[PDB]
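Below you'll find the structure, written out as structure tokens, and then a few comments.
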Amino acid sequence: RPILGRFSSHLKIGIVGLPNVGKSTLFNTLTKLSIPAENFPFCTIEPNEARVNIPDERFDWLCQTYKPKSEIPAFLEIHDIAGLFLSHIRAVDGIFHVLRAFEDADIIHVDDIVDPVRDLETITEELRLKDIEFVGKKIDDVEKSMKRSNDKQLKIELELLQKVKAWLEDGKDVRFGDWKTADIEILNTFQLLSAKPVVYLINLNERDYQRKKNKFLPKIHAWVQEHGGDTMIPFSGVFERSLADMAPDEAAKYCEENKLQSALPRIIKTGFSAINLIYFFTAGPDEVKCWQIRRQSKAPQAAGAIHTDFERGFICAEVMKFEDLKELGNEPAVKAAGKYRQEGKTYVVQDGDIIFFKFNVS
Ligand SMILES: Nc1nc2c(ncn2[C@@H]2O[C@H](COP(=O)(O)OP(=O)(O)O)[C@@H](OP(=O)(O)OP(=O)(O)O)[C@H]2O)c(=O)[nH]1
Ligand SMILES: [Mg+2]
């Protein structure tokens, strides 16, 4: 039941990397595409934070079909981090790790050596080092507490912190550890940087992105295989900045004529292997909304993601498969074909489910 990383309602992503790799440029490109801050009346959105809708053909279709009063797509929350003070980074679920694989041509800087692998080793080392500093401080705190308290939980926390210190000093990320559920629950309270899952974004000039080729990609791929097997997505920051500034008509003409497409949709939809998510929808005249929950969630746990009271008071879940609704075309048709189902406490929610939850007010 415990897993590394405490996913709640949507992913929070930190953009990390060395200076001058295009982090703030990527962030500004995503800001142009973002949900305005007025749509979150319960939240204060910091200046280096953007909320961007996850594009989903299913979500668009449901909104055409139900014509709801309000449309709430799934979204991603993205934070631009300036350098590697650490409150911003500790809070995120996962990391977009941006690598420089772009080089200038006729006008160049002296000794401006591009080496993505060298940069990978530098930043991954720096995250583990910040974890070693954090774990060092917590070991001191626990040892001081253990002078005063007899409590068994302190002896457990200490044994774990020392196992983690040794793992990190051996150059290994916490997320590649074999942690028992008891350890995972303690690790999750620490929010260690090397415990967070990663997507690698490889920043290329627009020619290399259009060509679908770069000399550094095989070297990056090889390193990533020996250090976790995480997703790699090539992009061009300069191309995405230009494309986001064009009008829809100009953008389409540019992409047709030059034979390339935006990487941003793929980047926004990719998510993380360690954080295995599915979408379910609520749909009606008032609202169509996309909900994000852990794969293999049971119906009452999906209700809990709306609010704990709907889980605790759960009675049943009336479910349509998105496929069933799409092919029959409307809810009356789905009911007539007997594909509108009453599901119970043991039902395992499926990606694309359209759910009408029933609960007891007390
Ligand atoms: N060639 C190239 N350089 C990049 C790219 N992305 C970033 N840079 C370089 O790094 C500078 C900072 O860009 P940011 O996007 O703020 O980088 P950062 O947040 O990762 O530190 C840019 O300065 P700038 O003032 O925006 O540009 P410039 O006028 O100084 O060259 C530019 O020199 C890219 O995709 N291609
Ligand atoms: Mg920056």
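So you can find residues: chains in the structure tokens are A, B, ... in the order shown, residues in each start at 1, and ligands are numbered from 1 in order.
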*Write out as a list in words which residues come within 9 Å of residue A:154 when counting only C-alpha atoms, dropping same-chain ones fewer than 4 positions away.*
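Non-adjacent residues within range: residues 142, 143, 145, 146, 149, 150, 158 and 159 of chain A.
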Give me a file of those residues, with N, CA and C atoms, as a compact mmCIF listing (two decimals), in the first residue's frame.
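Result written to selection.txt:
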```
# COMPACT_ATOMS: atom_id res chain seq x y z
N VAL A 142 17.73 13.02 15.65
CA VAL A 142 17.22 11.74 16.20
C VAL A 142 18.12 11.31 17.36
N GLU A 143 19.44 11.48 17.23
CA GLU A 143 20.42 11.09 18.29
C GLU A 143 20.18 11.95 19.54
N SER A 145 17.21 13.52 20.41
CA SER A 145 15.91 12.99 20.89
C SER A 145 16.15 11.70 21.66
N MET A 146 17.02 10.83 21.16
CA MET A 146 17.27 9.51 21.79
C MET A 146 18.03 9.67 23.13
N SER A 149 14.32 10.65 24.97
CA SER A 149 13.19 9.72 24.77
C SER A 149 13.67 8.26 24.71
N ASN A 150 12.83 7.33 25.17
CA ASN A 150 13.08 5.86 25.14
C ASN A 150 12.37 5.24 23.92
N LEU A 158 16.38 6.00 13.05
CA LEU A 158 17.86 6.07 13.03
C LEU A 158 18.44 4.96 12.14
N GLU A 159 17.99 3.71 12.31
CA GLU A 159 18.52 2.54 11.55
C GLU A 159 18.31 2.79 10.06
```
*asked:* Could you pull out the helix (DSSP H, G or I) residues of stretch 79-216 of chain A, going by DSSP on the backbone, and write them as a ChimeraX atom specification?
replied: /A:87-91,116-148,152-169,174-176,181-190,193-195,206-211
*Test item: residues lying within 6 Å of ligand 2 with only C-alpha atoms and all ligand atoms, as an MDAnalysis selection string*: chainID A and resid 23:24 82
Keeping only N, CA, C and O atoms, take the residues you just selected and write them out as a compact mmCIF listing (two decimals), in the first residue's frame.
```txt
# COMPACT_ATOMS: atom_id res chain seq x y z
N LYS A 23 15.78 26.03 -19.10
CA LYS A 23 14.73 25.72 -18.10
C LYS A 23 13.69 26.85 -18.09
O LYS A 23 12.48 26.56 -18.30
N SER A 24 14.14 28.10 -17.92
CA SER A 24 13.23 29.27 -17.79
C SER A 24 12.55 29.55 -19.13
O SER A 24 11.36 29.96 -19.13
N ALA A 82 15.57 27.86 -10.04
CA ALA A 82 16.60 28.81 -10.54
C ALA A 82 18.00 28.16 -10.57
O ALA A 82 18.71 28.36 -11.58
```
_Going by DSSP on the backbone, which residues of stretch 87-303 of chain A come out as strand (DSSP E or B)? List them as a VMD selection string._
chain A and resid 94 to 100 198 to 203 232 to 235 277 to 283 287 to 294 298
Which residues of chain A come within 8 Å of ligand 1, and what is each one's closest atom pair and distance in Å (one decimal), counting only C-alpha atoms and all ligand atoms, sorted by chain and residue number, as a tab-separated table?
```
residue	atom	partner	partner_atom_place_in_ligand_line	distance
A:16	CA	ligand 1	20 (O)	7.9
A:17	CA	ligand 1	20 (O)	6.5
A:18	CA	ligand 1	20 (O)	6.3
A:19	CA	ligand 1	21 (O)	3.6
A:20	CA	ligand 1	10 (O)	3.2
A:21	CA	ligand 1	20 (O)	3.9
A:22	CA	ligand 1	15 (O)	3.1
A:23	CA	ligand 1	20 (O)	3.7
A:24	CA	ligand 1	19 (O)	3.7
A:25	CA	ligand 1	15 (O)	3.7
A:26	CA	ligand 1	15 (O)	6.5
A:27	CA	ligand 1	15 (O)	7.9
A:80	CA	ligand 1	19 (O)	7.7
A:81	CA	ligand 1	19 (O)	7.9
A:82	CA	ligand 1	19 (O)	6.4
A:83	CA	ligand 1	21 (O)	7.6
A:98	CA	ligand 1	20 (O)	7.7
A:100	CA	ligand 1	35 (O)	7.8
A:102	CA	ligand 1	36 (N)	6.0
A:103	CA	ligand 1	1 (N)	6.4
A:104	CA	ligand 1	1 (N)	6.2
A:203	CA	ligand 1	35 (O)	6.2
A:204	CA	ligand 1	35 (O)	6.6
A:205	CA	ligand 1	36 (N)	6.2
A:236	CA	ligand 1	35 (O)	6.1
A:237	CA	ligand 1	35 (O)	4.4
A:238	CA	ligand 1	35 (O)	4.7
```
Restricted to N, CA, C and O atoms, what would the selected residues look like written as an mmCIF file, in the first residue's frame?
```cif
data_model
loop_
_atom_site.group_PDB
_atom_site.id
_atom_site.type_symbol
_atom_site.label_atom_id
_atom_site.label_comp_id
_atom_site.auth_asym_id
_atom_site.auth_seq_id
_atom_site.Cartn_x
_atom_site.Cartn_y
_atom_site.Cartn_z
ATOM 1 N N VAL A 16 14.669 20.943 -13.416
ATOM 2 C CA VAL A 16 16.061 21.072 -12.893
ATOM 3 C C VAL A 16 17.082 20.875 -14.011
ATOM 4 O O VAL A 16 16.767 20.233 -15.042
ATOM 5 N N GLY A 17 18.283 21.391 -13.773
ATOM 6 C CA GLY A 17 19.443 21.248 -14.673
ATOM 7 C C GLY A 17 20.471 22.331 -14.395
ATOM 8 O O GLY A 17 20.202 23.217 -13.561
ATOM 9 N N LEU A 18 21.616 22.285 -15.071
ATOM 10 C CA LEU A 18 22.642 23.336 -14.909
ATOM 11 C C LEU A 18 22.106 24.635 -15.504
ATOM 12 O O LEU A 18 21.103 24.637 -16.217
ATOM 13 N N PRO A 19 22.732 25.788 -15.180
ATOM 14 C CA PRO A 19 22.356 27.061 -15.783
ATOM 15 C C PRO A 19 22.510 27.050 -17.305
ATOM 16 O O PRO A 19 23.394 26.355 -17.802
ATOM 17 N N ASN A 20 21.686 27.848 -17.982
ATOM 18 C CA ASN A 20 21.757 28.135 -19.438
ATOM 19 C C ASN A 20 21.404 26.900 -20.282
ATOM 20 O O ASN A 20 21.882 26.827 -21.433
ATOM 21 N N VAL A 21 20.565 25.985 -19.788
ATOM 22 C CA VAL A 21 20.136 24.798 -20.595
ATOM 23 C C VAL A 21 18.743 25.034 -21.192
ATOM 24 O O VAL A 21 18.369 24.245 -22.047
ATOM 25 N N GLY A 22 18.026 26.084 -20.767
ATOM 26 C CA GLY A 22 16.718 26.480 -21.331
ATOM 27 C C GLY A 22 15.544 26.147 -20.408
ATOM 28 O O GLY A 22 14.403 25.995 -20.921
ATOM 29 N N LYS A 23 15.783 26.028 -19.098
ATOM 30 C CA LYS A 23 14.728 25.716 -18.098
ATOM 31 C C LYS A 23 13.692 26.849 -18.087
ATOM 32 O O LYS A 23 12.476 26.563 -18.299
ATOM 33 N N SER A 24 14.137 28.099 -17.919
ATOM 34 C CA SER A 24 13.226 29.267 -17.787
ATOM 35 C C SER A 24 12.546 29.546 -19.128
ATOM 36 O O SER A 24 11.364 29.958 -19.125
ATOM 37 N N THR A 25 13.227 29.259 -20.238
ATOM 38 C CA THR A 25 12.636 29.376 -21.592
ATOM 39 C C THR A 25 11.517 28.342 -21.736
ATOM 40 O O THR A 25 10.404 28.726 -22.145
ATOM 41 N N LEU A 26 11.781 27.081 -21.377
ATOM 42 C CA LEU A 26 10.738 26.025 -21.415
ATOM 43 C C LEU A 26 9.555 26.442 -20.532
ATOM 44 O O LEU A 26 8.398 26.318 -20.987
ATOM 45 N N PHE A 27 9.831 26.907 -19.309
ATOM 46 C CA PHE A 27 8.795 27.342 -18.340
ATOM 47 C C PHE A 27 7.958 28.467 -18.971
ATOM 48 O O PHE A 27 6.738 28.393 -18.891
ATOM 49 N N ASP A 80 9.483 26.229 -12.120
ATOM 50 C CA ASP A 80 10.853 26.612 -12.546
ATOM 51 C C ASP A 80 11.738 26.785 -11.304
ATOM 52 O O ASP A 80 11.411 27.629 -10.475
ATOM 53 N N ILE A 81 12.807 25.995 -11.193
ATOM 54 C CA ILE A 81 13.852 26.095 -10.130
ATOM 55 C C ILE A 81 15.062 26.831 -10.727
ATOM 56 O O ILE A 81 15.505 26.425 -11.822
ATOM 57 N N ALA A 82 15.568 27.862 -10.040
ATOM 58 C CA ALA A 82 16.602 28.809 -10.535
ATOM 59 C C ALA A 82 17.996 28.161 -10.574
ATOM 60 O O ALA A 82 18.714 28.358 -11.579
ATOM 61 N N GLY A 83 18.386 27.470 -9.498
ATOM 62 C CA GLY A 83 19.688 26.781 -9.371
ATOM 63 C C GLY A 83 19.607 25.651 -8.358
ATOM 64 O O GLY A 83 18.548 25.547 -7.706
ATOM 65 N N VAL A 98 16.469 18.796 -17.499
ATOM 66 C CA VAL A 98 16.785 19.358 -18.845
ATOM 67 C C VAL A 98 18.299 19.278 -19.069
ATOM 68 O O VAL A 98 19.041 19.715 -18.183
ATOM 69 N N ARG A 100 21.465 20.214 -21.896
ATOM 70 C CA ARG A 100 21.982 20.932 -23.083
ATOM 71 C C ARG A 100 22.632 19.928 -24.050
ATOM 72 O O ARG A 100 23.656 19.344 -23.708
ATOM 73 N N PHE A 102 22.706 21.266 -27.411
ATOM 74 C CA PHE A 102 22.727 22.258 -28.523
ATOM 75 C C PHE A 102 24.095 22.944 -28.554
ATOM 76 O O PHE A 102 24.659 23.220 -27.475
ATOM 77 N N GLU A 103 24.576 23.242 -29.761
ATOM 78 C CA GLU A 103 25.881 23.900 -30.037
ATOM 79 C C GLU A 103 25.649 25.007 -31.062
ATOM 80 O O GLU A 103 24.865 24.776 -31.985
ATOM 81 N N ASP A 104 26.347 26.134 -30.923
ATOM 82 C CA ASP A 104 26.370 27.254 -31.906
ATOM 83 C C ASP A 104 27.204 26.860 -33.134
ATOM 84 O O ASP A 104 27.861 25.798 -33.084
ATOM 85 N N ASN A 203 17.457 19.060 -24.776
ATOM 86 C CA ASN A 203 17.265 20.322 -25.530
ATOM 87 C C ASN A 203 18.237 20.344 -26.718
ATOM 88 O O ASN A 203 19.464 20.360 -26.499
ATOM 89 N N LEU A 204 17.685 20.409 -27.921
ATOM 90 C CA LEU A 204 18.408 20.352 -29.207
ATOM 91 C C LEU A 204 18.141 21.648 -29.968
ATOM 92 O O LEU A 204 17.047 22.236 -29.783
ATOM 93 N N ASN A 205 19.032 22.029 -30.886
ATOM 94 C CA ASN A 205 18.662 23.091 -31.859
ATOM 95 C C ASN A 205 17.584 22.506 -32.765
ATOM 96 O O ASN A 205 17.392 21.260 -32.782
ATOM 97 N N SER A 236 13.301 20.928 -28.928
ATOM 98 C CA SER A 236 14.038 22.184 -29.194
ATOM 99 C C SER A 236 13.342 23.354 -28.478
ATOM 100 O O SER A 236 12.239 23.737 -28.896
ATOM 101 N N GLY A 237 13.975 23.899 -27.439
ATOM 102 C CA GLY A 237 13.464 25.061 -26.684
ATOM 103 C C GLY A 237 13.257 26.264 -27.588
ATOM 104 O O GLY A 237 12.204 26.917 -27.474
ATOM 105 N N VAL A 238 14.206 26.532 -28.490
ATOM 106 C CA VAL A 238 14.131 27.690 -29.430
ATOM 107 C C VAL A 238 12.940 27.502 -30.377
ATOM 108 O O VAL A 238 12.238 28.490 -30.624
#
```
_From A:310, A:7, A:134, A:96, residue lying nearest residue A:233 [only C-alpha atoms]_ =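 Closest candidate: A:96.
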*Which is closer to residue A:261 than all the others in A:239, A:85, A:347, A:40, using only C-alpha atoms?*
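Nearest to residue A:261: A:239.
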Test item: residues at most 10 Å from residue A:296, only C-alpha atoms, excluding those fewer than 3 positions along its chain, as a short mmCIF file (atom, residue, chain, number, x, y, z; two decimals) with C-alpha atoms, in the first residue's frame:
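File produced: selection.cif:
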```cif
data_model
loop_
_atom_site.label_atom_id
_atom_site.label_comp_id
_atom_site.auth_asym_id
_atom_site.auth_seq_id
_atom_site.Cartn_x
_atom_site.Cartn_y
_atom_site.Cartn_z
CA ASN A 276 1.36 4.91 -12.26
CA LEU A 277 -1.79 7.07 -12.79
CA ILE A 278 -5.13 6.51 -14.62
CA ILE A 293 -5.71 8.39 -9.33
CA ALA A 299 -14.07 2.27 -6.33
CA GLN A 301 -10.58 4.86 -2.97
CA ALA A 302 -11.51 6.69 -6.25
CA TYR A 347 -14.53 -2.89 -8.29
CA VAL A 348 -11.06 -1.83 -9.61
CA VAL A 349 -11.43 1.51 -11.47
CA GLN A 350 -10.33 1.36 -15.15
CA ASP A 351 -8.70 4.20 -17.16
#
```
*Please indicate the distance in Å from atom CA of residue A:61 to atom CA of residue A:280, rounded to one decimal place.*
13.9 Å
*asked:* Using only C-alpha atoms, can you tell me which of A:121, A:185, A:140, A:230 comes closest to residue A:1?
replied: A:185
Any idea what's packed within 7 Å of residue A:188, counting only C-alpha atoms, ignoring anything in its chain fewer than 5 positions away? Could you give it as a CSV table (one decimal) with N, CA and C atoms, in the first residue's frame?
```csv
chain,number,residue,atom,x,y,z
A,4,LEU,N,6.9,4.9,-2.7
A,4,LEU,CA,7.7,6.1,-2.7
A,4,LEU,C,7.0,7.2,-3.4
A,5,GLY,N,6.8,8.4,-2.8
A,5,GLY,CA,6.2,9.6,-3.3
A,5,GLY,C,4.7,9.7,-3.0
A,6,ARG,N,4.2,10.7,-2.4
A,6,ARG,CA,2.8,10.9,-1.9
A,6,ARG,C,2.0,11.7,-3.0
```
*Show which residues sit within 12 Å of residue A:266, as a PyMOL selection string. Count only C-alpha atoms, and ignore same-chain residues fewer than 3 positions away.*
chain A and resi 54-56+199+201+231-235+261-263+269-271
Save out the residues we just selected, C-alpha atoms, as a PDB file, in the first residue's frame.
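Done, and the output landed in out_5.pdb:
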```
ATOM      1  CA  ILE A  54      -3.219  17.710 -20.092  1.00  0.00           C
ATOM      2  CA  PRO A  55      -4.686  17.338 -23.632  1.00  0.00           C
ATOM      3  CA  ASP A  56      -7.065  14.331 -23.908  1.00  0.00           C
ATOM      4  CA  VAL A 199      11.901  12.530 -17.031  1.00  0.00           C
ATOM      5  CA  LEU A 201      14.268  16.478 -21.557  1.00  0.00           C
ATOM      6  CA  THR A 231      11.999   8.277 -20.179  1.00  0.00           C
ATOM      7  CA  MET A 232      13.995  10.620 -22.508  1.00  0.00           C
ATOM      8  CA  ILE A 233      12.127  13.196 -24.668  1.00  0.00           C
ATOM      9  CA  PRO A 234      14.068  15.254 -27.213  1.00  0.00           C
ATOM     10  CA  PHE A 235      12.811  18.831 -27.817  1.00  0.00           C
ATOM     11  CA  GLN A 261       5.497  18.965 -34.679  1.00  0.00           C
ATOM     12  CA  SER A 262       5.510  20.319 -31.079  1.00  0.00           C
ATOM     13  CA  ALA A 263       7.028  17.993 -28.397  1.00  0.00           C
ATOM     14  CA  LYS A 269       1.167  13.650 -21.125  1.00  0.00           C
ATOM     15  CA  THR A 270       4.297  11.532 -20.305  1.00  0.00           C
ATOM     16  CA  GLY A 271       4.113  11.515 -16.445  1.00  0.00           C
TER      17      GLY A 271
END
```
_At a cut-off of 7 Å, using only C-alpha atoms, what residues contact residue A:287? Leave out same-chain residues fewer than 3 positions from it and give the result as a VMD selection string._
chain A and resid 68 to 71 283 to 284
Dump as a PDB file, in the first residue's frame, selection limited to C-alpha atoms:
```
ATOM      1  CA  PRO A  68     -21.535  20.868 -19.371  1.00  0.00           C
ATOM      2  CA  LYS A  69     -21.787  24.313 -17.602  1.00  0.00           C
ATOM      3  CA  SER A  70     -18.040  23.949 -16.673  1.00  0.00           C
ATOM      4  CA  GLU A  71     -15.131  21.889 -18.148  1.00  0.00           C
ATOM      5  CA  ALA A 283     -19.859  13.941 -16.413  1.00  0.00           C
ATOM      6  CA  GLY A 284     -23.274  15.669 -16.252  1.00  0.00           C
TER       7      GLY A 284
END
```
*Find, counting only C-alpha atoms, the residue in A:139, A:267, A:74, A:320 that gets nearest to residue A:202.*
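Checking each candidate against residue A:202, we get A:267 as the closest.
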